[PDB]
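Heads up, the thing below is written out as structure tokens.
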Amino acid sequence: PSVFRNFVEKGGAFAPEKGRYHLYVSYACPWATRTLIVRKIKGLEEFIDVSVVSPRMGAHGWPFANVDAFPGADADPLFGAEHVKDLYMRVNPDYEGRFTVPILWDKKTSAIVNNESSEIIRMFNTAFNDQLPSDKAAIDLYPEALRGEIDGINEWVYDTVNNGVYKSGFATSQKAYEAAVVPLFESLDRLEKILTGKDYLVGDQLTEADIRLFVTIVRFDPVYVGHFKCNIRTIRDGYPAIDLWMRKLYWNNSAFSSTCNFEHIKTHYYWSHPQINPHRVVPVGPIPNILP
Amino acid sequence: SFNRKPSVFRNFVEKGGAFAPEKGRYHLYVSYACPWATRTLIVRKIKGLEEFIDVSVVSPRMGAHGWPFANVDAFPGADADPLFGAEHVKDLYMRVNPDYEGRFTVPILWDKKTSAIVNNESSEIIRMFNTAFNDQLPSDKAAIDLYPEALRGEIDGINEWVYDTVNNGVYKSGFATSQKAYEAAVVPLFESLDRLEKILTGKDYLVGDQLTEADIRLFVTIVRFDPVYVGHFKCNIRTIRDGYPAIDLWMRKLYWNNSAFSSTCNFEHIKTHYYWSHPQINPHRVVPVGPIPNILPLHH
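Protein sequences, first through last, are from chains B and A. Counting from 29, one number per residue, gives the positions in the first sequence under the entry's author numbering. Counting from 24, one number per residue, gives the positions in the second sequence under the entry's author numbering.
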């Protein structure tokens with residue numbers, strides 16, 4: 029239940045202006061990786077900067093490179109912040125919500141525009157088109173011919189897959205655990221017969237629906253199988269077409285390979301959850317992280 | 024780092040000795056989840072001793088007081104203690120020696136006549152179940168020898184590094200409290216699994232093209248490798264199903280073609296024990312739906 033739900037739209041308080049917005053993310057959080065993937069498909073590395081927090085979350089939440097100097101992590105360049113908490117309590121000092129990543133930060137106002145990944149990739153989809161080159165501005169991860177159909181698939185993929193892995197690993201009872209994994213793999217079987225032969229989830233063109241499914245499927249086999257007990261079967265050997273669909277987004281599209289740091293992924297989940305893995309031991313994991 | 028503790032009771036059921044092979048004299052305390060106990064049960068049915076040694080099945084939900092019996096924890100397939108009404112396996116060790124400071128492991132070979140423990144080392148128990156009782160068994164069951172002396176050099180050879188890197192290596196992988204000790208155990212394990220993969224390629228048994236104990240000591244670990252050991256012990260470099268086809272296929276030929284490996288294999292007891300009994304590896308005691316199925320069919 030994320031707060032801050034404002035959009036960067038022309039003629040608004042948050043207008044698409046170059047070098048005005050900063051994106052606080054982690055390479056491990058799948059909702060943050062959404063924003064980053066879309067940020068590179070449309071070439072916005074000149075409109076939105078990115079600070080990568082350390083994956084070893086704990087006690088004080090997401091830390092920055094000054095307190096925890098993990099490879100690939102950035103220090104906070106806007107403020108002297110040590111943890112993501114500092115940006116939330118900057119805007120509201122009695123904020124009782126959570127310190128969720130990603131964060132799209134407005135430098136000009138010094139406030140949070142949005143931290144809901146579904147919308148950030150969608151404002152990263154419109155808004156900035158006037159200032160982008162012709163090829164990168166042509167990309168549309170949400171054309172309205174197949175829009176309504178995307179929200180349909182994105183809705184049950186969100187509930188059973190994107191979030192289903194989380195109610196699997198974080199469940200504290202056997203009953204709640206089983207209530208989450210079975211719909212997860214049932215929807216994975218439904219997704220498996222969708223992507224048989226097809227190369228994309230919808231309409232022969234890469235869409236956000238592929239992206240919201242990719243960031244969780246890319247972490248299914250390394251993390252979600254062992255750490256979240258989503259082990260009915262693996263995407264590697266149980267879902268061959270889902271597997272192959274994922275690897276051609278990975279090896280044939282730069283916005284998925286450069287946005288995928290398995291070190292941050294596996295280190296975060298296994299280290300920052302002491303009540304699922306008390307000794308913070310990260311397995312050598314499935315080798316390799318992803319097949320060719 | 025995980026350092027196992029050796030067994031204290033190491034007497035044998037042999038010739039004119041204190042422990043002679045007499046029908047209905049010995050009681051075997053086991054659990055369907057313990058792979059070292061499952062050794063005893065596999066050998067007990069290959070050589071047909073179900074009328075010489077009875078078996079009490081301990082509840083798989085170990086915890087606090089160690090292995091409990093069906094009277095304190097009523098899990099399906101678990102038995103109560105019929106000889107002394109014991110609540111936990113600890114009681115049988117403490118019965119014979121009230122100043123016994125060791126651990127309360129299973130299996131237990133109990134001498135009813137002395138009211139004492141004959142043996143609690145699985146490596147030797149499967150070897151006394153192979154000798155001793157041959158005079159009293161039928162010809163078919165007495166002919167079986169899981170340790171013929173022609174191959175008593177290959178068996179101890181393979182059994183030595185299979186125990187250290189595979190049988191016990193899986194335990195020092197999962198029970199490790201540090202990243203280095205974890206990595207120090209998983210790498211030799213899968214290295215020995217690669218070596219095991221090239222041995223059993225084409226072959227039907229580990230040594231000399233016949234069912235030996237070495238096949239039995241390796242089976243009890245491989246059959247639970249994919250269900251428990253991958254997720255719970257983070258031994259997930261590869262799975263036996265899709266990474267080691269010859270080890271996998273070797274295991275399924277012992278499972279589906281020999282009843283003494285299927286009837287001694289209760290996956291529920293296996294998966295419930297490891298996930299419920301280790302609150303320092305899985306604090307909320309949640310047992311995954313696991314790899315489906317527990318073991319692949321004989322045609323794959």
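Note that the Cβ used here is the ideal one computed from N, Cα and C, for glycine as well.
- Non-local C-beta neighbours of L72 (chain B) in its own chain, meaning closer than 7 angstroms and more than five positions away in sequence, comprise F152, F156, ordered along the chain.
- Distances from the CA of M85 (chain B) to each of B:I260, B:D96, B:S79, B:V189 were compared; the closest alpha carbon is that of B:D96.
- If only complete runs of 4 or more residues are kept, the region 264-305 of chain A shows the alpha helix (DSSP H) at 268-279, 282-285, 290-300, in order along the chain.
- By the criterion of at least three beta-carbon pairs nearer than 8 angstroms, the region 217-236 of chain B is not in contact with the region 41-61 of chain B.
- Excluding the 5 residues flanking it on each side, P211 (chain A) has same chain C-beta neighbours closer than 7 angstroms at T188, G192, in chain order.
- Residue nearest to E147 (chain A) within the set A:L223, A:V66, A:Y267 is A:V66 (criterion: CA-CA distance).
- Non-local beta-carbon contacts of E220 (chain B) in its own chain, meaning distances under 7 angstroms to residues more than five positions away in sequence, involve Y267, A269, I270 in chain order.
- Cβ contact annotation for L169 (chain A) (same chain, cutoff 6 angstroms, sequence separation greater than five): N153, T235, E236, in chain order.
- Straight-line spacing of the CA atoms in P58 (chain A) and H255 (chain A) works out to 15 angstroms.
- Annotation for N142 (chain B): the continuous beta strand (DSSP E) segment containing it runs 139-142.
- Under the three-state reduction of DSSP, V78 (chain A) is assigned to strand.
- By the rule that beta-carbons nearer than 7 angstroms mark a contact, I260 (chain B) touches chain A.
- A check of alpha carbon separations from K257 (chain B) across A:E291, A:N317, A:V312 identifies A:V312 as the nearest.
- Distance between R308 (chain B) and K195 (chain A), taken at the CA atoms: about 16 angstroms.
- The C-beta separation of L216 (chain B) from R264 (chain B) comes to about 13 angstroms, leaving the pair out of contact by the 8 angstroms criterion.
- Look at the region 151-175 of chain B and you find these whole runs of alpha helix (DSSP H), each 4 residues long or longer: 162-166.
- With respect to the 7 angstroms criterion, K70 (chain A) and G89 (chain A) are not classified as neighbours on the basis of their beta carbons.
- Shown here for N190 (chain B): same chain residues with a beta carbon closer than 7 angstroms to its own, the five before and five after excluded, namely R240, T244 in chain order.
- In this structure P121 (chain A) is exposed. Its beta-carbon is surrounded by fewer than 16 other beta-carbon atoms within 10 angstroms.
- Collapsing the DSSP output to three states places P91 (chain B) in a strand.
- Contact annotation: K294 (chain A) and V253 (chain A) have beta-carbon atoms that are not nearer than 7 angstroms.
- Using beta-carbon distances, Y205 (chain B) counts as an interface residue toward chain A, with a partner under 7 angstroms.
- Within the same chain, and ignoring the five residues on either side of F127 (chain B) in sequence, the residues whose Cβ sits closer than 6 angstroms to its Cβ are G89, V112, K113, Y116.
- For the 7 angstroms CB-CB criterion, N289 (chain B) and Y298 (chain B) do not form a contact.
- In this structure, the beta-carbon distance from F42 (chain A) to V141 (chain A) falls below 7 angstroms.
- Counting the other CB atoms within 10 Å of its CB gives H296 (chain B) a total of 16 or more, which places it among the buried residues.
- Neighbours of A199 (chain A) in chain B, taken as residues whose beta carbon is under 7 angstroms from its own, are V309 in chain order.
- As computed with DSSP, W59 (chain B) is found in no beta bridge at all.
- In the same chain as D77 (chain B), and ignoring 5 residues on each side of it, the C-beta atoms closer than 6 angstroms to its own belong to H50, in chain order.
- Per the DSSP secondary-structure output, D134 (chain A) pairs in a beta bridge with A:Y49, A:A139.
- In the DSSP annotation of this structure, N34 (chain B) is not part of any alpha helix (DSSP H), being labelled neither H nor E.
- Around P306 (chain A), the beta-carbon contacts reaching into chain B at under 8 angstroms are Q303, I304, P306.
- In the DSSP assignment, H111 (chain A) is bridged to A:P91.
- Taking 7 angstroms as the Cβ-Cβ cut-off, the region 233-259 of chain A approaches chain B at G254, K257, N259, given in chain order.
- With its beta carbon less than 7 angstroms from one in chain B, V209 (chain A) belongs to the interface.
- Using a Cβ-Cβ cut-off of 7 angstroms, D217 (chain A) does not count as an interface residue toward chain B, since no Cβ of chain B sits closer than that to its own.
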